[PDB]
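**Student:** Handing you this structure, nothing more for now.
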Amino acid sequence: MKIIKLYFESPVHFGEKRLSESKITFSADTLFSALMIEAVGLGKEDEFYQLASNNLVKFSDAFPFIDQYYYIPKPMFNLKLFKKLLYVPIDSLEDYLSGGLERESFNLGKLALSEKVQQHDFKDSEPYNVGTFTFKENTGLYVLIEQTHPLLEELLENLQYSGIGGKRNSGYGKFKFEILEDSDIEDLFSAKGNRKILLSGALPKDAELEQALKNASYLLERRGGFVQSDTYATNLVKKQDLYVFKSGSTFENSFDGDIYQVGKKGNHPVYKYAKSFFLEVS
Amino acid sequence: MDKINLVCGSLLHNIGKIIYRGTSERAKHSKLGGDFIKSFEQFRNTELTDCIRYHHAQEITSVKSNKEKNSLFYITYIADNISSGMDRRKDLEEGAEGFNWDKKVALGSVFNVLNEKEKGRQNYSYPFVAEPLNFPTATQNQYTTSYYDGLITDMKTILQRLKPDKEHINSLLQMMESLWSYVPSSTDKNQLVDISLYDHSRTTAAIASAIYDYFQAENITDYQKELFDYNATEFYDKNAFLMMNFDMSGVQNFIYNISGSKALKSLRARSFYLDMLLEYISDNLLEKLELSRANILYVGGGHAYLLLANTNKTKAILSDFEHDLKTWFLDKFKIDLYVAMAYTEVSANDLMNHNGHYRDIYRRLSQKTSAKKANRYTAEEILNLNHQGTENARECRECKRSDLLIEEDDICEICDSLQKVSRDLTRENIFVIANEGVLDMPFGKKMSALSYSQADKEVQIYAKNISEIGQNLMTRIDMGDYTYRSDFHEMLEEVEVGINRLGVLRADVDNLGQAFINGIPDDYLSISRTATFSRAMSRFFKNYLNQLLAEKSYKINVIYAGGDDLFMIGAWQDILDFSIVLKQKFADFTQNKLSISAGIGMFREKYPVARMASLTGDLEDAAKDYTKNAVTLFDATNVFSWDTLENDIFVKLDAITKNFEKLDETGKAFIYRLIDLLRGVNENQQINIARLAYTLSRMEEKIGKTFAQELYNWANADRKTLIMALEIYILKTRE
Amino acid sequence: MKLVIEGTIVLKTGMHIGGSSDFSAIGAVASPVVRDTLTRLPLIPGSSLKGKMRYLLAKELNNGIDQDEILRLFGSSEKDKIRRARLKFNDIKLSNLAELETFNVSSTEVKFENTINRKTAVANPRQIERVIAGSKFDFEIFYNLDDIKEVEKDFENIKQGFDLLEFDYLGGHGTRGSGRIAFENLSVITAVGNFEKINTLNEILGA
């Protein structure tokens, strides 16, 4: 298991339904879509989808990190006996679970709002506004992968000089990436456990959804939007809405998701990575 | 025998306290109340009369054998006993010959018991007024026999126009809420003195209905042996009650996350939609269980609490209601709204706090509600969510969904209906739910928000303020619906002195949950005391906030009102003016037993409303970091307290507006110059304070001699109070 | 097959791009400039540079009749014309602030202007924040190479946009003094994918 630490050199915009509103981090849907667009840029989207569908690449949602501290979302535990807390460090999960344990503050950056206009010559200009998020100086995001492949690294390097998120051609989203294989996180992931914490925006297939929802504390998340290409349907069109579990969810039974197809009435398919990525705890 | 006589008796007993406190007759109060209903309301329903007249143990054992079994006053007796919170068997009946009852005791406040361990016990009382504003004073109030005579005459005018039936229980509850909300339940020492007659009567009718339904399902006739052959210990220990809750999720995400350019005009419509949605859901469930509205203990902002019987028929109706409500909410608001119906089994000894466990009711209820929120949907509902996704090149402007679009314009139907009702919301509009209407609702009903002669119309009518109680027959539901002008551009153009910015106030009471489950001492816990505390807090926020805003006509639109969340928006000068008086009147209401933390934020009118509410809330949690008395003035770094803001900021601003109104033209340039360099030394360099030591010698003579009496002592070492007062002065003085 | 064009925007005259409404300092009667939110140092938005280059390039072209050069270089989304933009602009932040600290001077200034009414002969002043002249902004703009038969015409159009912008201003009150820029150190390096004719782009942009 390896890491992809994303040190950002620019404001980002990772909107949820907006241009004016943004979140601090992105998801596996967006990174899979970005890598698929970089694959069709260099003609390897048949290879990349065959790698991703056969579980040769498996990446979680991008998660925050401050100095030598990797963070994950606050796992929804259904324990019996920190509402403003949202991110607990991944190494501190055992003694966060063993008792009511806050050691240091969580600061990643702060949100912003860019004020832009759409200038007209002989007409009054149109204001609009882009909500952004600027990271702090020695912070960023990381993505957990395992058994990395040279195609994944080539596509990541091509995505590095293209932009991640929204409004990327208009000033945002540039970053640099690094692998930096760690030893503590891989030992934390290799250990089994009775309860497993989801880490990507997954959705089980229709023959395992009942098995997945047994002793489950989940949160559904609507993950859709408009199709970003040029060869799809000669006008802007919204893909199929897919409701996946949120990345902080916690399950008893394991599952492997699917790369669902959300675009069918077009010249090329549109995919949505809802494969499952788990972390075992006790 | 029946139910409706028991419900109207359990509401309508203990009226002989307000009869006996208004006359010179010295009978027991049960006899006076029975003679009042029997004599005046000229029809003699024997179950009603025996439920009023015989509800103490002495008169029950006086008329026990010659009076029948299954006679409905044992339920009233045991319901009064449970609702009081302690045993009322050996206590003498109010008005008897064996005690000296003073018939002019004032109603105490519930707040003089709350937080007794750390804030101390007080003794406050409510002065009588003959709405309007009523605050607990720190003086020994005393009522008058004329006051109770006036209440008797009001009951005489308002009881002759009713009749004990299923449709009149709402009017009877509104009778009790209008008149008896300030008369005390008992005139002795602090057993039920803090508890009003309305809250005690409402609670005893709710649990009387629950006990009646539990006995009817378990088909135990002869209640006399099962509540008097012992001290009803066997009944006290069996689970005879359920206390369920509703809990709407994503209410802030429904109100503030709207993407419109004109999204500011729909916030009141969306907040109204959610509140009245919860009101109708709870009232519809009470209709399905054949229970009165007295079984609502608190229907609040985002949640409701109901007490209801522990029968299998009730659980069947609850399961059907939950499934239909879940399906309707999925078919309108896909993930964005969810109502969590969780219930727990509680008992009468558990209600009475006999063995502790009264905290454990709401602890178990919150645990089961969180467990329901964790597993929100089933597998079939998730499959139907993923099955209905289509591809389409259309989307709403505001709520940005692609289903339920209108064919003529790219807009979601529910979101357009919110637009229509926002256009049709006034200061006097009542709201009508029927089959045809504007605003889509369960269960196949829709809501119109019509006023007033169109309400001559089957239907349920929800009014903020009721005109006549008895004859007109509609249910009174209150919310903090104060709007100044209902359009932000025009009211921003009305103000002319300050900057043209919109100000947002977001506040909440510190620790609702802690003061709500373990604020009251354990030895004073009751169902009626929880009811009167919840009703007092909601009554303050909705009714009192509306009346303080209508008193001095502030340029403020109220979006949400409540202890858990408050949200008002308007002219930023009026936000800054009203924040201090909101804190002052909240401290007057709660006797400083509760604290309120606010956050102000100033924005343009065309600022995005979701980002506006979100970062006003992050200044809110910046104030809550400091959950104390704290206000953040437009930024997360400018954190004050309430007393500092009040005293220091307002005397500093009044002094600055006094002596800075010379006027002068380059004197303003000097003001901004000194502000900018005070901020420059606030960047923490002492060469700048050496510069400022040089600078004061430059700027004595510019304002004259008014500097060196108070301004130099404030500007001694770059006070944050002074720069904030100067900042709000130069913000209040612009084009 | 993905290119990087590096350069520097120096300011011959001051610059007033944009404005924040973040209550940073809106007390002072002076329209502020756009700054980075964690360093509070002056910033050229990538949208401003991109939009002014698009405006001047689409006005120099499309005379007497946008054409597909502008759409293929800057992207479009019409009812039938949807193209991916080839240029990836980034937000540009201040570079020589250490050089601006050798002179013991701020990163930004304030400029006063009156407005003499002709009827009543009276002046009302107003203030404008400007980032000062002598400021430098190191930028990098990313070009992706979809087709080699169009890269030389695209880079000819990019240099045309750069010197057209060098004879105009970059945002704000440019008719009344400010905004004048000068692009220097314009060079092209390929990021991924070895491109066989890169020196011809390095001389058509570096001329």
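**Student:** Would you tally the net charge around A:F177, using a Cβ to Cβ cut-off of less than 14 Å, leaving A:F177 out, and scoring K and R as +1, D and E as -1?
**Tutor:** -3
**Student:** Would you kindly derive the ³J(HN,Hα) couplings of the range B:638-644 from the backbone phi angles with the Karplus curve 6.51 cos²θ - 1.76 cosθ + 1.60 (θ = phi - 60°), listing them in order in whole Hz, with x for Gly and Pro?
**Tutor:** Listing the rounded values in order: 9, 9, 10, 10, 6, 5, 4 Hz.
**Student:** Grab the other residues whose beta carbon is less than 15 angstrom from that of B:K64, score K and R as +1, D and E as -1, and report the net.
**Tutor:** Result for the local shell: -1.
**Student:** Can you show me the helix-derived [θ] at 222 nm for the protein assembly as shown, built from DSSP H runs with n ≥ 4 at -39,500 (n - 2.57) apiece and divided by the number of residues, rounded to the nearest 500.
**Tutor:** About -10500 deg cm²/dmol.
**Student:** Give me B:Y280, B:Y524, B:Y560 ranked fewest to most by other Cβ atoms within 10 Å of their Cβ, as a rough exposure proxy.
**Tutor:** B:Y524, B:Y280, B:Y560
**Student:** Right, next: Report, in debye and to the nearest 20, how large the dipole of the range B:460-515 comes out about its Cα centre when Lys and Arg carry +1 and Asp and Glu carry -1 on their Cβ.
**Tutor:** The dipole of the range B:460-515 has a size of about 220 debye.
**Student:** Per residue and in Å³, how big is the convex hull formed by the alpha-carbon atoms of the range C:51-146?
**Tutor:** Each residue corresponds to 198 Å³ of Cα convex hull volume.
**Student:** I've got another one for you. Output the direction-averaged projected area (hull surface divided by four) of the convex hull of the alpha-carbon atoms of the range B:620-735, in nm².
**Tutor:** Orientation-averaged projected area of the Cα hull: 7.8 nm².
**Student:** Now a separate question. Taking C-beta distances below 4.7 angstrom as the pairing criterion, name the unpartnered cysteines of chain B, in sequence order.
**Tutor:** B:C8, B:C51
**Student:** Given a cut-off of 22 Å, name the pairs among C:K59/C:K159; A:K239/C:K52; B:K31/B:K90; B:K31/B:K67 whose C-alpha atoms lie farther apart than that in the structure shown.
**Tutor:** The pairs that break the limit, which is 22 Å between Cα atoms, are A:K239/C:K52.
**Student:** Within a 10 angstrom radius of each residue's Cβ in A:161-173, how many Cβ atoms of other chains show up on average? Whole number is fine.
**Tutor:** Going residue by residue through A:161-173 and averaging, the value is 6.
**Student:** Rounded to whole Hz and in sequence order, give me ³J(HN,Hα) for the range C:80-88 from the Karplus expression 6.51 cos²θ - 1.76 cosθ + 1.60, θ = phi - 60°, writing x for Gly and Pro.
**Tutor:** Ordered by residue, 3J(HN,Hα) equals 9, 9, 10, 9, 6, 5, 8, 8, 10 Hz.
**Student:** Report, in debye and to the nearest 20, how large the dipole of the protein assembly as shown comes out about its Cα centre when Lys and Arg carry +1 and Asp and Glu carry -1 on their Cβ. All intermediate terms of the calculation are to be shown ahead of the outcome.
**Tutor:** On the way: 151 positive and 173 negative charges, 434 e Å.
That gives a dipole near 2080 debye.
**Student:** Which of the peptides B:389-401, B:609-621 is most tightly packed, and how do the rest follow, judged by the mean count of other Cβ atoms within 10 Å per residue?
**Tutor:** Numbers: B:389-401: 17.3, B:609-621: 21.3.
Highest-to-lowest ranking by the protection proxy: B:609-621, B:389-401.
**Student:** If you don't mind, another one. Tell me the net charge near B:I430. Cut-off is 14 Å between Cβ atoms, B:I430 excluded, with +1 for each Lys or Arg and -1 for each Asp or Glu.
**Tutor:** Around B:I430, the charge tally is -3.
**Student:** Using the Cα centre as the reference, give the magnitude of the dipole from point charges on the C-beta atoms of chain C (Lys, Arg: +1; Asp, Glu: -1; all else neutral), rounded to the nearest 20 debye.
**Tutor:** The dipole magnitude comes to about 820 debye.
**Student:** Now for a separate question. Could you tell me what fraction of 2.2 N^0.38 Å the Cα radius of gyration of the range C:1-117 comes to, as a two-decimal ratio?
**Tutor:** Against the compact-globule rule of thumb, the ratio is 1.37.
**Student:** Additional query: So which chymotrypsin sites (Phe, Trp or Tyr not before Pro) in the range B:27-99 pass both tests, a DSSP loop state and at most 11 other Cβ atoms within 10 Å of the Cβ?
**Tutor:** B:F43
**Student:** Another question, then. Consider just the alpha-carbon atoms of the protein assembly as shown and return their Rg together with their Dmax, both in angstrom.
**Tutor:** Expressed in Å, the Cα Rg and Dmax of the protein assembly as shown come to 34.9, 117.
**Student:** What residues have an amide H closer than 5 Å to that of B:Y338, excluding those fewer than 5 places away on the same chain, when H is modeled at 1.01 Å from N in the peptide plane?
**Tutor:** Sorted by chain and number, the residues that satisfy this are B:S249.
**Student:** Mind listing the long-range amide H neighbours of A:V270? Cut-off is under 5 Å, sequence gap 5 or more, other chains count too, H placed in the peptide plane at 1.01 Å from N.
**Tutor:** A:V262, A:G263
**Student:** May I ask you to list the trypsin sites (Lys or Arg not before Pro) in the range A:184-282 that are in a DSSP loop and have at most 16 other Cβ atoms within 10 Å of their Cβ?
**Tutor:** Sites meeting the loop and neighbour criteria: A:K192, A:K205, A:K214, A:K264, A:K265.
**Student:** Ok, one more. In which sequence would B:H489, B:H323, B:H29 go, from the one with the fewest C-beta neighbours within 10 Å to the one with the most?
**Tutor:** Result, fewest neighbours first: B:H323, B:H489, B:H29.
**Student:** For B:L674, A:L51, what's the fewest-to-most ordering of other Cβ within 10 Å of each Cβ?
**Tutor:** Values: B:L674 21, A:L51 18.
Listed from fewest to most nearby Cβ atoms, that is A:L51, B:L674.
**Student:** Please go through the range B:487-554 and write out the GluC sites (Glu not before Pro) that DSSP classes as loop and that have at most 12 other C-beta atoms within 10 Å.
**Tutor:** B:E496
**Student:** First obtain the Kirkwood hydrodynamic radius of chain C from its Cα pairs, then insert it into the Stokes-Einstein equation at 37 °C and 0.692 mPa s, and state the resulting D in µm² per second as a whole number.
**Tutor:** For these conditions, the coefficient is 175 µm²/s.
**Student:** Regarding chain B, what whole-number volume in Å³ per residue does the convex hull of its Cα atoms give?
**Tutor:** So the per-residue hull volume is 188 Å³.
**Student:** A further question follows. Can you list the residues, at least 5 places off or on another chain, whose amide H is less than 5 Å from the amide H of A:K275, using H built in the peptide plane?
**Tutor:** Amide H neighbours of A:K275: A:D258.
Each value in this text was obtained by applying a stated rule to the coordinates, not by laboratory testing. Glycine gets a Cβ as well: all are built from the backbone with ideal geometry, and neighbour counts include every protein chain shown.
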